[PDB]
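A single chain comes next, written as structure tokens; it is the form deposited in one PDB entry.
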């Protein structure tokens, strides 16, 4: 799989990630700025992978993961968290997420993750 859907309410964070993914070979299927959008885009783009920011407006990542799973129980979701946001990561994993990555990014780490998920 190679199409990616980046979800994060922070432009910069998207930018960065978009650059990493892209140089690593992946394709940026799309961008989402919140949970809702994340789901809408998901149904529309059928990304191969999804990266998920937890803390966003309107709808958080955890709920979005839950939603996507209901739509696609084979969805491939990596969750993004700051450090120490450990209790949230457990909840996202439990909810569906295959793995997580910390912010601010570490291209090596980011890439590995993306690859295992494939």
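Positions refer to the first chain, counted from 1.
What follows is about the form deposited with a partner chain bound, which we do not show.
Although the partner is absent here, residue 102 is a contact residue: one of its heavy atoms lies within 4.5 angstroms of the partner chain in the entry with it bound.
Taking the partner from elsewhere, residue 57 is found to have every heavy atom lying beyond 4.5 Å of the partner chain in the entry with it bound. In the entry with it bound, the partner chain sits within 4.5 Å of a heavy atom of residue 93. Taking the partner from the other structure, the partner chain in the entry with it bound has a heavy atom within 4.5 Å of a heavy atom of residue 84.
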